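A.B. asks: Sharing input26.cif (mmCIF, C-alpha atoms) below.
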data_query
#
loop_
_atom_site.label_atom_id
_atom_site.label_comp_id
_atom_site.auth_asym_id
_atom_site.auth_seq_id
_atom_site.Cartn_x
_atom_site.Cartn_y
_atom_site.Cartn_z
CA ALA A 2 3.53 -158.03 -60.96
CA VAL A 3 5.15 -158.41 -64.37
CA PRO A 4 2.60 -160.66 -65.94
CA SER A 5 3.53 -163.26 -68.54
CA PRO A 6 2.76 -162.96 -72.25
CA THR A 7 -0.67 -164.10 -73.35
CA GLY A 8 -2.61 -165.54 -76.28
CA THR A 9 0.29 -167.57 -77.61
CA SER A 10 -0.25 -168.84 -81.13
CA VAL A 11 1.97 -170.71 -83.55
CA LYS A 12 0.88 -170.12 -87.16
CA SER A 13 2.55 -172.21 -89.84
CA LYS A 14 1.77 -171.89 -93.55
CA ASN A 15 3.84 -172.90 -96.56
CA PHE A 16 6.72 -173.67 -94.22
CA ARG A 17 6.77 -170.16 -92.83
CA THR A 18 6.23 -170.63 -89.11
CA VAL A 19 5.60 -167.70 -86.82
CA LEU A 20 4.88 -167.48 -83.11
CA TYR A 21 2.59 -164.73 -81.88
CA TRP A 22 1.52 -163.47 -78.47
CA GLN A 23 -0.13 -160.52 -76.80
CA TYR A 24 0.85 -158.32 -73.89
CA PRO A 25 -0.78 -155.80 -71.58
CA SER A 26 -0.12 -152.10 -71.80
CA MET A 27 2.74 -151.06 -69.50
CA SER A 28 4.15 -147.67 -68.63
CA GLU A 29 7.21 -148.43 -70.58
CA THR A 30 8.14 -150.92 -73.27
CA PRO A 31 8.38 -154.61 -72.55
CA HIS A 32 10.83 -156.88 -74.30
CA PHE A 33 10.53 -160.64 -74.70
CA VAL A 34 12.61 -163.81 -74.75
CA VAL A 35 11.57 -166.85 -76.78
CA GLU A 36 12.87 -170.38 -76.28
CA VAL A 37 12.43 -173.59 -78.29
CA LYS A 38 12.47 -177.19 -77.06
CA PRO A 39 13.60 -179.53 -79.90
CA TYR A 40 12.70 -183.22 -79.72
CA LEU A 41 16.27 -184.60 -79.65
CA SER A 42 17.61 -182.75 -76.63
CA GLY A 43 14.21 -182.42 -74.99
CA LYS A 44 15.53 -179.22 -73.46
CA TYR A 45 14.62 -175.54 -74.01
CA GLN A 46 17.24 -173.35 -75.63
CA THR A 47 17.23 -169.71 -76.68
CA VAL A 48 15.89 -168.65 -80.07
CA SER A 49 18.79 -166.35 -80.92
CA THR A 50 16.89 -164.04 -83.27
CA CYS A 51 14.26 -163.50 -80.59
CA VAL A 52 16.05 -162.33 -77.44
CA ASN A 53 15.22 -158.96 -75.95
CA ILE A 54 12.83 -158.09 -78.78
CA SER A 55 10.04 -155.53 -78.61
CA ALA A 56 7.90 -157.24 -81.27
CA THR A 57 5.10 -159.54 -80.15
CA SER A 58 6.06 -162.14 -82.75
CA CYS A 59 8.97 -164.42 -83.57
CA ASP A 60 9.80 -166.12 -86.87
CA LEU A 61 10.57 -169.74 -85.99
CA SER A 62 11.13 -170.97 -89.55
CA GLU A 63 14.86 -171.45 -88.99
CA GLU A 64 14.41 -173.40 -85.74
CA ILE A 65 12.18 -176.08 -87.23
CA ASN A 66 13.87 -178.78 -89.25
CA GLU A 67 11.78 -181.82 -88.40
CA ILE A 68 8.34 -182.33 -89.92
CA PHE A 69 7.23 -185.35 -87.85
CA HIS A 70 8.71 -184.75 -84.40
CA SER A 71 7.34 -182.31 -81.82
CA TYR A 72 8.48 -178.84 -80.73
CA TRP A 73 7.48 -176.64 -77.83
CA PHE A 74 8.09 -172.90 -77.56
CA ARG A 75 7.88 -170.48 -74.65
CA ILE A 76 8.10 -166.77 -73.99
CA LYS A 77 8.83 -164.59 -70.98
CA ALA A 78 8.45 -160.82 -70.63
CA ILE A 79 11.03 -158.36 -69.37
CA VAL A 80 9.78 -155.12 -67.82
CA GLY A 81 12.50 -152.86 -66.48
CA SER A 82 14.49 -154.88 -63.96
CA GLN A 83 11.71 -157.39 -63.63
CA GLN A 84 10.99 -160.65 -65.52
CA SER A 85 7.89 -162.77 -65.84
CA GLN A 86 7.89 -166.56 -65.83
CA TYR A 87 7.73 -168.36 -69.17
CA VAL A 88 4.47 -169.32 -70.80
CA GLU A 89 4.50 -172.41 -73.00
CA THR A 90 2.74 -173.05 -76.32
CA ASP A 91 0.67 -176.07 -77.30
CA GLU A 92 2.68 -178.96 -78.72
CA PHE A 93 3.62 -178.23 -82.32
CA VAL A 94 4.08 -180.77 -85.09
CA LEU A 95 4.63 -179.41 -88.60
CA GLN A 96 2.98 -182.40 -90.30
CA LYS A 97 -0.12 -181.96 -88.15
CA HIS A 98 -0.31 -178.23 -87.65
CA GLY A 99 1.42 -176.77 -90.69
CA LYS A 100 -0.94 -175.58 -93.41
CA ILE A 101 -0.29 -175.70 -97.13
CA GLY A 102 -2.01 -172.85 -98.97
CA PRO A 103 -3.35 -172.95 -102.51
CA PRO A 104 -0.73 -173.40 -105.24
CA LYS A 105 -0.19 -170.89 -108.04
CA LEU A 106 -1.73 -172.35 -111.18
CA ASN A 107 -1.30 -171.21 -114.79
CA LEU A 108 -3.56 -172.51 -117.54
CA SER A 109 -2.75 -172.50 -121.26
CA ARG A 110 -3.40 -174.69 -124.29
CA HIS A 111 -1.61 -175.98 -127.35
CA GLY A 112 -4.34 -176.84 -129.82
CA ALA A 113 -6.79 -179.14 -128.07
CA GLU A 114 -4.31 -180.04 -125.33
CA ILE A 115 -4.57 -178.22 -121.99
CA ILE A 116 -1.35 -177.30 -120.22
CA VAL A 117 -1.23 -176.96 -116.44
CA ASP A 118 1.67 -175.30 -114.66
CA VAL A 119 1.49 -175.53 -110.90
CA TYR A 120 3.84 -174.61 -108.04
CA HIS A 121 4.19 -172.78 -104.70
CA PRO A 122 6.36 -169.65 -105.03
CA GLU A 123 6.36 -169.38 -101.22
CA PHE A 124 8.17 -172.63 -100.63
CA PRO A 125 11.71 -171.98 -99.42
CA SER A 126 14.68 -172.75 -101.67
CA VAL A 127 16.28 -176.13 -101.00
CA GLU A 128 19.64 -174.37 -101.23
CA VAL A 129 18.71 -172.25 -98.23
CA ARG A 130 17.06 -175.07 -96.27
CA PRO A 131 18.87 -178.29 -97.23
CA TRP A 132 16.78 -180.28 -94.75
CA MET A 133 13.86 -179.62 -97.09
CA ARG A 134 15.24 -181.77 -99.92
CA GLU A 135 13.87 -184.88 -98.22
CA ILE A 136 10.46 -183.24 -97.89
CA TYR A 137 10.32 -181.91 -101.48
CA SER A 138 11.20 -185.37 -102.75
CA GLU A 139 7.67 -186.22 -101.50
CA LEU A 140 5.82 -183.26 -103.00
CA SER A 141 2.98 -183.97 -105.41
CA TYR A 142 0.01 -182.04 -106.76
CA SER A 143 -3.44 -183.39 -107.46
CA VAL A 144 -5.29 -181.67 -110.28
CA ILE A 145 -9.03 -181.73 -110.86
CA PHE A 146 -10.26 -181.25 -114.43
CA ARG A 147 -13.85 -180.07 -114.81
CA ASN A 148 -15.97 -179.59 -117.92
CA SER A 149 -19.22 -178.04 -116.90
CA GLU A 150 -20.67 -177.73 -120.38
CA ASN A 151 -20.64 -181.43 -120.66
CA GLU A 152 -20.14 -182.12 -117.84
CA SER A 153 -17.37 -184.35 -116.64
CA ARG A 154 -14.59 -184.55 -114.06
CA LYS A 155 -11.27 -186.45 -114.01
CA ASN A 156 -8.32 -186.51 -111.64
CA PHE A 157 -4.59 -186.28 -112.25
CA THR A 158 -1.43 -186.40 -110.17
CA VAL A 159 1.96 -184.96 -111.01
CA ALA A 160 5.18 -185.45 -109.03
CA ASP A 161 8.99 -185.60 -109.23
CA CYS A 162 8.80 -182.02 -110.54
CA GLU A 163 12.07 -180.24 -111.08
CA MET A 164 12.56 -177.20 -108.81
CA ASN A 165 9.16 -178.08 -107.32
CA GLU A 166 7.60 -176.74 -110.52
CA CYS A 167 5.16 -179.21 -112.06
CA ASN A 168 3.72 -179.20 -115.55
CA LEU A 169 0.99 -181.38 -117.04
CA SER A 170 -0.52 -181.79 -120.50
CA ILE A 171 -4.08 -183.04 -120.80
CA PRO A 172 -6.16 -184.18 -123.81
CA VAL A 173 -9.50 -182.56 -124.15
CA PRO A 174 -12.26 -184.82 -125.52
CA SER A 175 -14.13 -182.33 -127.48
CA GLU A 176 -13.86 -179.70 -127.71
CA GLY A 177 -15.81 -176.81 -128.18
CA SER A 178 -16.22 -176.17 -124.58
CA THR A 179 -14.92 -174.86 -121.40
CA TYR A 180 -12.69 -176.56 -118.99
CA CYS A 181 -11.96 -175.49 -115.43
CA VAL A 182 -9.09 -176.77 -113.37
CA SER A 183 -7.90 -176.56 -109.77
CA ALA A 184 -5.05 -178.12 -107.82
CA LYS A 185 -3.84 -179.03 -104.31
CA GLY A 186 -0.38 -179.76 -102.92
CA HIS A 187 0.35 -183.14 -101.30
CA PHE A 188 3.30 -184.25 -99.17
CA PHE A 189 3.74 -188.00 -98.54
CA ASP A 190 0.55 -188.79 -100.46
CA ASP A 191 -2.01 -187.73 -97.86
CA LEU A 192 -0.07 -186.98 -94.65
CA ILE A 193 -0.14 -183.28 -95.60
CA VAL A 194 -2.81 -181.94 -97.93
CA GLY A 195 -3.13 -178.30 -98.96
CA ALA A 196 -6.09 -176.07 -99.80
CA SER A 197 -7.38 -176.02 -103.39
CA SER A 198 -6.42 -173.24 -105.75
CA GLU A 199 -9.38 -171.36 -107.16
CA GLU A 200 -10.65 -172.60 -110.51
CA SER A 201 -8.94 -171.48 -113.72
CA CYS A 202 -11.02 -171.91 -116.86
CA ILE A 203 -10.11 -171.99 -120.56
CA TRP A 204 -11.88 -172.36 -123.90
CA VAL A 205 -10.89 -175.21 -126.25
CA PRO A 206 -12.35 -174.91 -129.79
CA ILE A 207 -13.07 -177.75 -132.23
#
Once you've parsed the file, please lay out its structure as structure tokens.

C.D. replies:
Amino acid sequence: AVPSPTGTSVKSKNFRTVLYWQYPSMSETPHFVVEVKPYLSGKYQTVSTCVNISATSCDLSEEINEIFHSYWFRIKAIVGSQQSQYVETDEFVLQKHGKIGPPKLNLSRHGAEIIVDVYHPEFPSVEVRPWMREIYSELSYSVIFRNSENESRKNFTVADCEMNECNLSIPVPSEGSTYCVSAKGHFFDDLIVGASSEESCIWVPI
């Protein structure tokens, strides 16, 4: 009949969460309805921005305001005067399923001191998502300092960064060589751990 959507997938990265699905080719153009089941009510409700849409995706970022509790989502298809039944996604928990991509990392020096600026431009503004303040209060970055030509490797952590923008100064032993640095985001120490940035390297003279 009017089959249900297929291949449901919730993809969450850097707090942008999007639901995707696929649909068979029909004579005309199907539209879809997406619902969300929040943990508190334990009942499905309509995702307003995703009713009667032709797209096979739905941005859920505004429906998710809990990082530890579960959400379910579901989609039905509308084809002419006919509807499919809903198909439900896997359980979704932001803390478990949400990915944190590599941070943006800038590397400079003042004399023999290396300066690391690290942040995630993708993270949403706290002013636009006030529920995020609590989460950002737990944001930290771990930074790995490597000297190949030497060849050593220490670890640093920076937190309580204003506007989620962290800066770190680091003393370089010596000091005619090259140092390479990478970083990862952390939320709640190790409950959420992001991918490493690629290495940035810099020369520090004597």

A.B. asks: So which residues touch residue 97 in chain A within 12 Å, counting all atoms listed in the file, skipping near sequence neighbours fewer than 6 positions away, as a list in words?

C.D. replies: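 Residues meeting the cut-off are residues 12, 13, 14, 67, 68, 69, 70, 71, 72, 188, 191, 192, 193, 194 and 195 of chain A.
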
A.B. asks: Translate the PyMOL selection byres ((chain A and resi 170-187) around 8) into a concrete residue list for this structure, as a PyMOL selection string.

C.D. replies: chain A and resi 101+103-104+106+113-117+119+139-151+168-169+188-207

A.B. asks: Which of these residues is nearest to residue 132 in chain A, using all atoms listed in the file: A:84, A:66, A:156, A:162?

C.D. replies: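 Of A:84, A:66, A:156, A:162, the one nearest residue 132 in chain A, counting all atoms listed in the file, is A:66.
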
A.B. asks: So, counting all atoms listed in the file, which residue among A:122, A:102, A:4, A:31 is closest to residue 87 in chain A?

C.D. replies: A:4

A.B. asks: So the first atom is CA of residue 19 in chain A and the second is CA of residue 80 in chain A; what is the distance between them in Å, to one decimal place?

C.D. replies: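 Atom-to-atom, CA of residue 19 in chain A to CA of residue 80 in chain A, that is 23.2 Å.
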
A.B. asks: Any chance you could resolve the PyMOL selection byres ((chain A and resi 3) around 9) against this file and give the residues as a PyMOL selection string?

C.D. replies: chain A and resi 2+4-5+78-80+83-86

A.B. asks: Restricting the calculation to all atoms listed in the file: of A:57, A:18, A:46, A:158, which residue gets closest to residue 93 in chain A?

C.D. replies: A:18

A.B. asks: Just the number, please: distance in Å from CA of residue 22 in chain A to CA of residue 58 in chain A, one decimal.

C.D. replies: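 The value is 6.4 Å.
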
A.B. asks: Considering all atoms listed in the file, can you say which of A:36, A:60, A:92, A:118 comes closest to residue 21 in chain A?

C.D. replies: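 Closest to residue 21 in chain A of all the choices is A:60.
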
A.B. asks: Evaluate the PyMOL selection byres ((chain A and resi 51) around 12) on the structure here and hand back the selected residues as a CSV table (one decimal) with C-alpha atoms, in the coordinates of the input.

C.D. replies:
chain,number,residue,atom,x,y,z
A,19,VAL,CA,5.6,-167.7,-86.8
A,20,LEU,CA,4.9,-167.5,-83.1
A,21,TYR,CA,2.6,-164.7,-81.9
A,32,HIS,CA,10.8,-156.9,-74.3
A,33,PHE,CA,10.5,-160.6,-74.7
A,34,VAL,CA,12.6,-163.8,-74.8
A,35,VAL,CA,11.6,-166.8,-76.8
A,36,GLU,CA,12.9,-170.4,-76.3
A,37,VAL,CA,12.4,-173.6,-78.3
A,46,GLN,CA,17.2,-173.4,-75.6
A,47,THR,CA,17.2,-169.7,-76.7
A,48,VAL,CA,15.9,-168.6,-80.1
A,49,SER,CA,18.8,-166.4,-80.9
A,50,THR,CA,16.9,-164.0,-83.3
A,52,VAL,CA,16.0,-162.3,-77.4
A,53,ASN,CA,15.2,-159.0,-76.0
A,54,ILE,CA,12.8,-158.1,-78.8
A,55,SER,CA,10.0,-155.5,-78.6
A,56,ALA,CA,7.9,-157.2,-81.3
A,57,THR,CA,5.1,-159.5,-80.2
A,58,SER,CA,6.1,-162.1,-82.8
A,59,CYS,CA,9.0,-164.4,-83.6
A,60,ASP,CA,9.8,-166.1,-86.9
A,61,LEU,CA,10.6,-169.7,-86.0
A,63,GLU,CA,14.9,-171.4,-89.0
A,64,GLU,CA,14.4,-173.4,-85.7
A,74,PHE,CA,8.1,-172.9,-77.6
A,75,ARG,CA,7.9,-170.5,-74.6
A,76,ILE,CA,8.1,-166.8,-74.0
A,77,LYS,CA,8.8,-164.6,-71.0
A,78,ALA,CA,8.4,-160.8,-70.6

A.B. asks: CA of residue 88 in chain A to CA of residue 44 in chain A: how many Å, to one decimal?

C.D. replies: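 Calculated distance between CA of residue 88 in chain A and CA of residue 44 in chain A is 15.1 Å.
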
A.B. asks: Given only C-alpha atoms as the basis, pick out the residue of A:96, A:165, A:109, A:7 nearest to residue 25 in chain A.

C.D. replies: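 The shortest atom-to-atom distance to residue 25 in chain A comes from A:7.
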